[PDB]
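Scroll down for the structure; my scribbles are underneath it.
We use all heavy atoms of the structure for the numbers below, so side chains are in, but hydrogens, waters and symmetry mates are not. In what follows, every chain begins at residue 1, and chains take the letters A, B, ... in the order their sequences are listed.
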Amino acid sequence: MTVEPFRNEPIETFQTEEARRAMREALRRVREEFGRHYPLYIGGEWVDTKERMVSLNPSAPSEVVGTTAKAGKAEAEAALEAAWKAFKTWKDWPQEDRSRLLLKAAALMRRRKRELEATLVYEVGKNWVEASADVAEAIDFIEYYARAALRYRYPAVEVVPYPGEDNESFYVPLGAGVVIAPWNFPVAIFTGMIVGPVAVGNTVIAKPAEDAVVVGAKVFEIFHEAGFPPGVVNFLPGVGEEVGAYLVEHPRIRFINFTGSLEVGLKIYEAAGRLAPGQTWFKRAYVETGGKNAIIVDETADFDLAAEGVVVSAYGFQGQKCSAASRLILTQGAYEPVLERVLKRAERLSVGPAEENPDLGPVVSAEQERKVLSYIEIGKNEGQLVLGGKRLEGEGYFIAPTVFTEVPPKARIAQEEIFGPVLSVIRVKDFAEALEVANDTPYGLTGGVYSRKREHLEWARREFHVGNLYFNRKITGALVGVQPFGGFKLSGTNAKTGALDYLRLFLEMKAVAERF
Amino acid sequence: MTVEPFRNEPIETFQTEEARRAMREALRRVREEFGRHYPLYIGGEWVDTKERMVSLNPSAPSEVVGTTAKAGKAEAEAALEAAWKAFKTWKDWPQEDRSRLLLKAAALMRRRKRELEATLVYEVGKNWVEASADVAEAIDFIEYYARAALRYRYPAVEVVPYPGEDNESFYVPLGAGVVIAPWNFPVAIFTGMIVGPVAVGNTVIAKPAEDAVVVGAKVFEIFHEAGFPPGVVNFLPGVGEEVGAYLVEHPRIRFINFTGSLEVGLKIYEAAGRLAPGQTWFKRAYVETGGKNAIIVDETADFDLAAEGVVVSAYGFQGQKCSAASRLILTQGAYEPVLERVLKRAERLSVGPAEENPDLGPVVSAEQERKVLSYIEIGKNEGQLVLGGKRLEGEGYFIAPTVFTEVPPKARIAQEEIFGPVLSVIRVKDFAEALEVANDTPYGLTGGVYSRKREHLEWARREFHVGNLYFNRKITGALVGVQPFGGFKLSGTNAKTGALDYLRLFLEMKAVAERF
Amino acid sequence: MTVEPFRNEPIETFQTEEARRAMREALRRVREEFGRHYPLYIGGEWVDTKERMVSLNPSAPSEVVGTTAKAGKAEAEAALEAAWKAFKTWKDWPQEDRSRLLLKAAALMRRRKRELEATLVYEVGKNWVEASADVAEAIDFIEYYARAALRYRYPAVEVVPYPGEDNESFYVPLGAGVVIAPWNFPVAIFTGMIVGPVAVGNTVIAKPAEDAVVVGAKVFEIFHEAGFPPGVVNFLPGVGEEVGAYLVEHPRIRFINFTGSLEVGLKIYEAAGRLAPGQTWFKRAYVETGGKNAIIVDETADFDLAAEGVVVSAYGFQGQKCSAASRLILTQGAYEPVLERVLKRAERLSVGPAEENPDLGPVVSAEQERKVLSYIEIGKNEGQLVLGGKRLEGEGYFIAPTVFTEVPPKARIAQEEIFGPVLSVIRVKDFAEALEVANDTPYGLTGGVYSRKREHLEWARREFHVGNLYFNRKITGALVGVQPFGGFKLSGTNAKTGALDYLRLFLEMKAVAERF
C-alpha cells in the first residue's frame, strides 16, 4: 500500500460553531447560484442542448435550484461512442494510475463537502446530518474502491503451476456501460456506481435521477477537475425513460448498474437478458431494488434504545431509504412498552424546510407526495392510524411521521415499499413468529433486532434472511467497507457495495499459457 | 489444509501392458453390460418411469449401450421439492463436512476410472486417451472444488472494523438450481457443474445430455455410494426441451448452470432474466456457449511443432470441443510450410470404432453427422476443399478429417461453430492482420499462437481476445486449477471453471452488525 | 477480525472536573446501597440462602457495605450439576458466538466503570486510581480473551498431510471447573480467571474472596445481563475452606484456576494430583501464588526516577500486590543516594480513608492488619526500622509506609511475602551480587532494575529469574496483552494471563483422520 489504510470520512454533526458557520456560508453560496445552468458532460467537455430540465426545491417547489441540459437518444449515442473510444486506452492504464486518479477526485470532493451538502439540502430536502452522511459516503466509495481495485492488479489470479509452462491468469475490464442512479443518495450512490466500474478500467455513461440533476452535475465538475480522460465518465441528465431505455437495450452497452425501484429493476434485468440485434456478448446487469425492512423487538430488549433506533430508521430522510424501517414487529411482551415509546418520540419530531435542519424535511417531489398519501389512504383500510397520516401546511411536500398499528402481515402497507415516513406495526406471539413475519415479504435488504437474549440474536444471524442485519442499533446508514451493502430476493442481485467483491462484478478473467 | 495440496489426476496414455490389460477388461465388462437400464435419481433413491430413453453406440448405432428412465414435468417438480427440502439442512453442514463428502466421491470415482473411461468410449465415441482425460478432469473438479470451497468458509469476508461493534460478513449458498450438461464431456463437465454449487451448500437437479445419459447415471451411482444426503443431487435424463424448459422458467429455480450450444444458451439467459409468476428473486444463469477458436502461426514458428498442435487441437475427439481449433490463421510466410505439414499429418489419421482406439472415432449422433456434412457442403462454395470432406464407409457416424483453405474470414465456415472434424484455413498478410481475423467472430473462448517472436506473443497476450490463450502448444485440454476455463463475448458469461472464482457464483453475502 | 484491534482500556486519572464529579456521584450511589443483599448465582438465577456473609469497609470496619448469601456443600454440588448441564451445549456454540457474548459483557462493564470503582474503594480500600486500574484491567481481560479465543477456532491445528486421507486436529474445552479468586484484584483477576476458560467453551463455578464478595456479585450482575446461558458461570461466596475444598477435591471438577497465597496454592496443587474416588481424568490446576519481588538499582541509574518507581511499586494499594516491590537491592554506589530519596518520598505519602483518594488506604482486614503488624515485629529483630512500622489512628486498618534497612538477604522479612506496606532494603557490593540476592528466594514473579548500563540490563534480561521483569519503571500494573503475567518457581505454574497462551490451558486436542 502507498496510502494510509482506509478510514471512513467522519460525518459532521454540526455541534460546533465553526461547523454551523461553514454550513450557513455554503447554503448562501449555493442559493446565490440557483440560476446556474449545467450542461451534459460528454467526451471530456460540457455540451449544452436546446431543451432543458428544471430542478425544484422540495421545501419550496416554486423555487428553482438550477437547470440542466436534456439528453436524448442522439446524445446517448454520442456518449456511448466517446465511452468506447476512451475504453480502448483507459483499460491499459496501470491500476496504480487509475487509483491515484480516484484519490485525487476524493480529495477534491472532500474540499467541497459543505457545498455538496448544501446542494443536497436544497435540491432533495435532506436535513444537515443526512446531507453530510451522504457526501461522506461518496468520499468513502472513492477512497475504498481506489484501494480495493489494487487487489485485482495484473496478474492477480491464484493458479496451479504446470511443468515446462507459464500459466498466468488476470483480470480485464468489460468495456462501456450505463449507470442509472437514484435520487435519494444522489451524491453517494451516484458516485459509487460510477467510480467502482471506472476504477478497474471500464468507462461509464451516467444518468442521474431527474430530482437530483444539479448535484449530479456538481459531482461531474469534480470528475472534470480531477482529470479523467475524455470519455471515461459521461453525464446524461434526461426526462422519462428515453435515455435509460435506449442504453439498456443497446447492443453496444456492456453492463448496466442500477439502483432504484423494483418495477424498473425488473424491466432492466429482463432487457439485459435479451440479445439485441448485432450484440456480441451476454450483458451483465446489477440491480439494487429496495426493500420492506423490519425491526424486531422482543421483551428482553432495552425498550428506550429500541424506540430511538426505530424512529431514526423509520423517519431518517423522511423514510426515503431502501434500508428504512417500514415495519416494526413486536412480540407480545414488547408491544405496549415499545409502541408507547415510539409514539412519544415520533410525535416530537419536527417537520419543515430542510435548510432549518428539522428532524424531517419534505418528501422529494409532488409525485412522491402523491404516492405516499395514496399509501396512507390504503393503510386506513388495512390498519389503524395512530399518528400522523397527513400533509402539513406549506407548498413544500411536508408529510407527518405516520404510524399504523394492528397491521396484518400480508397487508399492502406491510408488503409494498412506500418510501415515505410511514411505519407499520405488527404484533406477534413470540420471536419465532417475529422471524416468520420478518421473512415473509418479497424483499430482503435490511433488518434489525433489538434483544438482550443471545440465542435470539444468533438465531436471527442464521435465519433473518436479509443482506444487511443489525442488532441493537439503527438499520440504516451502512458504512462503506464496514457493512457490505446489498440484499437478497427482490431487493436485488446482491452486488455488495463498499466491499472488495463489488469490483469483481466489472471484470472478466483471461488465462494465458506459454509452453517453453 | 487437512489434505495434501491439489495435484491434477494423471491422464493415462495406455503405453504399459498393465494399463492396456486393465482397459481391455474394463471395455469388455462395459460391453457385456450393454442393455442395462438406469432409473432417475430423486430424493436419494432410484425412481423408474414407464417411458424410457435409449442410448446408442455411435460407432455401431444398432447397438444399445443402455436405456434410462425418462423424466417429465412431474418428476422435475418432485426433484425440485426434494432439492429444496434437502437445501434446508445441507446449507447448514460445516464446510469441512461437505468438502470431505466431495473427497470421498473423488476417491470412489478414481477407483472406477477404467469403467467410466470405457463407458465414454462406447457411449460417446471417445478414443482411449480422450476418455481418460475426461474422467481425469472430473476427478480434478471434485478435488479442486472440495479445497476451494474451504476458502469461503464462515466468516470469510474482509471488512473494515467500527468502534463498539462486531461486523461480520459471510457467504451463504443460494438454494436449489438446475444443471444442464453437455454430451461432449459427459463425465467431466457434468461432474464439475454439479459439485461446484453443491460443495458450498446448494442443491442440484441435473439434466444429462441425451447422448450421454448412461455415463451420467454411473456418475450418480458414485454420488449415491459417497453418501450425499437425499435431495442434494438429483438425476433427470429426458428427451427434448420439456424438462429443461420447465425448470429454467420455474419460479422456484434459483440458478441455472448451462454448458452447450449458443442457440440454447441465448434462450436460457433470456428466460432467466424474466420474473416467473410468484418468483421471489433474480435468477442467476451461468452459460458456456462454445466458440470458433483459431490458432495463428507466423513465419518465426517451429512449423513441425505447430502442425502437430494444430492437428491435435482440430481433430481431438473429432473436433467436438468448444475449445477445438476450427480456424488456422497463417501469415503469408507460414502459409505453405504449415499447411503442407498439417495436410501430411491429417491424412495419416486413423478413423474407426472408438473401442479400437483410433485417432478419430465417430461423431456423436446421426443428427450431428448430418449437420457436419451440411456445413461441409456449405464450405465447398466458400473455400477450397483440400482434404476429406466426406462420410466414411460403415454404420458408425464416421467423418474424415476435413480441411478447407483460402477461406474468407467472414464465410459461414469461418464464423459458425461446426463442432466436427472440419478445419478452415485463412491466409493473412501479417501478424496484425492475423489478430484482426482472430478477433473478428462473435466468440472468444480459446485461441493459440505458434511463434518464436516475443513481441508477437506478448502482443497476443494483450490483444487476442479469448478467455483461454495458449502459446506454442495445443489449445484444447485446459487443466483444472492450472487454466481457469471460460470465455468472452458469445462464448458465455465467463464463469471460470476449475478456478477459485467459480464457487463465488453460487454464493450470496450477508453482513451482520452488533452494537454492544 | 470483525472488531477493532485490541487496545487497553484507559486508566482514569481523575484530573478533570467531570471525572471527579462522576466519581463522587458513583461513591454516593454505592454507599446509598450499602444495605443491599446479594444472593448466590446458580443456573442462571439468583438463589438466596438462610445464612449470610457481611462485608465491611476497611476504612471504617463498623460500617457494612453489603451482605451476600453463603454457599455450602449443597449449593456447590448444585452449581456443579448446573455447570456440567450447561457445558453440554455451551461447548458447541460457535466460537464467534461465545466471543460476541464476552464483548457484550465488556461493553456492559465499561458502562458501569465508576460504580465498580466506587465499590472497590469502599469494599477493599483501593484509592481512586488503583480502583480505576483494576476495573480497566477486567475490561481488558474480556476484550483480549474474546479475540484470543478466535485464534483457537475449529480447526486450528497445523498438521502434516498424508496421501488419500483427511487429517484434522482441533481444540475442545475441558468441562466444568472451579475458580478461586483473590481479594486484592476482585474485579480484574476475578473476571479474567472466569472469562478466559468460559470463552473457549468451559463452564465455571467461581468462589470470590470473602473480603470482596459484594463487588464480585456486581460483576455477576453484568454476566447475567450479558446473557450467559444458565450454568455457564456460577457465583458461590462462602466462608472458610468448605466450598473451595469440596470442589477442589471433587471427582467431577475438571480444572482448578487459583490465585492467592502459596500456602493455599500448595494444598490445591497437591489435591489436584490425586484421583478422587470415581474420578475419570487427570485434573489440571493453574496456580498463581505471589512473590517476594525486588527492584535492583545500581550507581548508573537515574536516582530520582528509581526512587519514584520504588515508592509506587512498594506502596501502591498498600503493598497488597503479588507484584509489589518488597525488596530494594542497592549496590554500594547507589545505596545512600537512592535510600535518601526513597525515604523522603515515602514520608510524604498520605494514609487514610480510601474514598478521600489518599496515597494509601487501609489494609483489607483485621486479619491482614494482624499479619502485617506481626511481620513488622519480626522485622525489628532482623533489620533496622527507619520509617513507619506503626498502626495509625482510627478504626480503619491504617498502617504507615514502612522501611527496614540493613536487612540480611535470608531474613524472614526478606524471604516471606508480607503483602503489606513494608519494604526491606538490602545493600550489596555490585550488580552481580544484586542479581544473586534477587534470585535467592523461593519465588520468581516480578522484578525490576534501574540502571543506564546496557550490559547490566541485558544481563538481567537473561539472568534475573522472574516471569515479569521491568527496566527503569515500576514493577506493578502489568497490562493485559502487553505484559503476559505469571511467574516462575513458587510464584506459580506460569499460566500467563493476558496472553494468547492462557487459553490453551483450558483446551485439549483431538485428531481425526478419514481414509477415503
Side-chain angles (χ1 to χ4, degrees), chain C residues 262 290-299 301 303 306-307 309-316 318-349 351 360 363 368-392 398-431 433-450 464 466 475-476 490:
Chain C
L262 175 58
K292 189 68 188 179
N293 322 306
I295 287 176
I296 294 170
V297 186
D298 67 32
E299 61 178 54
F303 298 149
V310 169
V311 171
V312 167
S313 299
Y315 306 117
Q318 301 76 266
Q320 300 174 123
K321 300 184 180 182
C322 301
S323 61
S326 56
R327 297 184 297 154
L328 177 59
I329 302 171
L330 306 174
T331 60
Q332 304 189 310
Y335 191 79
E336 289 297 305
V338 178
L339 180 60
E340 295 190 304
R341 291 176 170 67
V342 169
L343 290 175
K344 289 181 176 59
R345 286 173 178 286
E347 63 178 58
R348 297 176 181 176
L349 298 175
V351 184
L360 280 75
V363 288
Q368 192 55 45
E369 180 183 66
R370 183 178 70 84
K371 170 186 172 180
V372 179
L373 293 177
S374 176
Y375 269 114
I376 284 171
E377 288 307 298
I378 296 172
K380 291 173 181 176
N381 293 300
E382 306 186 311
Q384 188 63 62
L385 178 65
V386 295
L387 183 67
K390 304 177 179 176
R391 169 71 154 74
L392 300 178
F398 310 122
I399 300 182
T402 305
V403 179
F404 284 99
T405 56
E406 295 294 300
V407 184
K410 295 181 177 298
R412 293 188 63 189
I413 60 166
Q415 294 288 312
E416 309 177 13
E417 192 180 44
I418 301 169
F419 228 69
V422 183
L423 179 64
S424 295
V425 185
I426 306 170
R427 183 201 281 83
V428 298
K429 173 186 175 182
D430 46 43
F431 197 74
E433 189 165 278
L435 286 175
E436 294 176 357
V437 169
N439 288 319
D440 187 37
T441 83
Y443 297 102
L445 190 48
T446 64
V449 179
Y450 274 87
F464 196 151
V466 293
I475 67 172
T476 58
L490 293 189

>> Within this structure, what is the CG-CG distance for the pair C:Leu387 and C:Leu423, rounded to the nearest 0.5 Å?
In response: 9.5 Å
>> Nearest 0.5 Å, please: how far is CD1 in C:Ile426 from OG1 in C:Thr405?
In response: 11.0 Å
>> Using 0.5 Å steps for rounding, measure from the CD1 atom of C:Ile418 to the CD1 atom of C:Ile378.
In response: 8.0 Å
> Salt-bridged, C:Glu416 to C:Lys292, with N to O below 4.0 Å?
Replying inline: no
>> Quick check for you: to the nearest 0.5 Å, what is the distance between C:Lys344 atom NZ and C:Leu339 atom CG?
In response: 9.0 Å
> Step by step, would you call C:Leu330 with C:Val297 a side-chain contact (heavy atoms from CB on, under 4.5 Å)?
Replying inline: CA-CA 5 Å; C:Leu330 306 174; C:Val297 186; 3.6 Å; yes
> Should C:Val422 and C:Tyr375 count as side-chain neighbours, where that means a heavy-atom distance under 4.5 Å?
Replying inline: no
> How about C:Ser326 and C:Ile413: do any of their side-chain heavy atoms sit closer than 4.5 Å?
Replying inline: no
> Would a 4.5 Å heavy-atom cut-off, applied to side chains only, mark C:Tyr450 and C:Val338 as touching?
Replying inline: no
> Only one of C:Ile399, C:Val351, C:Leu392 clears side chain to side chain contact (heavy atoms under 4.5 Å, CB included) with C:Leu360; which?
Replying inline: C:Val351
> Can you find a pair of side-chain heavy atoms, one from C:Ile295 and one from C:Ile475, that are under 4.5 Å apart?
Replying inline: yes
> Just by distance, do the side chain of C:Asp430 and the backbone of C:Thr331 share a donor-acceptor pair under 3.5 Å?
Replying inline: no
> How far apart are the closest heavy atoms of C:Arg341 and C:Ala307, and which atoms are they?
Replying inline: CB-CB, 3.6 Å
> Can you name the closest pair of heavy atoms from C:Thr476 and C:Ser313 and give their distance?
Replying inline: CG2-O, 3.7 Å
> Less than 4.5 Å apart, any side-chain heavy atom of C:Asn439 and any of C:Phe464?
Replying inline: yes
> Does the side chain of C:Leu445 reach to within under 4.5 Å of the side chain of C:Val466, using non-hydrogen atoms?
Replying inline: no
> Where do C:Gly389 and C:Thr402 come nearest, in terms of heavy atoms and distance?
Replying inline: N-OG1, 2.8 Å
> Are any non-hydrogen side-chain atoms of C:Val425 and C:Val386 less than 4.5 angstrom apart?
Replying inline: no
>> If you compare all heavy atoms of C:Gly291 against all heavy atoms of C:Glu417, which two are closest, and at what distance to 0.1 Å?
In response: N-OE2, 3.0 Å
> Which atoms form the tightest heavy-atom contact between C:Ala414 and C:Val407, and what is the distance?
Replying inline: CB-CG1, 3.9 Å
> Could you go step by step and tell me if C:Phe419 and C:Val363 meet the side-chain contact (heavy atoms from CB on, under 4.5 Å) rule?
Replying inline: CA-CA 9 Å; C:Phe419 228 69; C:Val363 288; over 6 Å; no
> Of the non-hydrogen atoms in C:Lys380 and C:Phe404, which two are nearest, and what is the gap between them?
Replying inline: N-CE2, 3.5 Å
>> With a 3.5 Å distance limit and no angle check, can you tell me whether C:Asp298 reaches the backbone of C:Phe431 through a side-chain donor-acceptor pair?
In response: no
> So, does C:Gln415 use its side chain to make a donor-acceptor pair with the main chain of C:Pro409 at under 3.5 Å?
Replying inline: yes
>> Treating C:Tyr315 as the side-chain partner and C:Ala324 as the backbone partner, does any N or O pair qualify as donor plus acceptor under 3.5 Å?
In response: no
> So, are C:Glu369 and C:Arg391 salt-bridged, with charged N and O less than 4.0 Å apart?
Replying inline: yes
> Hey, does C:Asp440 have a side-chain heavy atom less than 4.5 Å from the side chain of C:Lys410?
Replying inline: yes
>> Nearest 0.5 angstrom please: C:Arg412 CZ to C:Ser424 OG, how far?
In response: 12.5 Å
> Taking atom CZ of C:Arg327 and atom OG1 of C:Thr441, what is their separation to the nearest 0.5 Å?
Replying inline: 5.0 Å
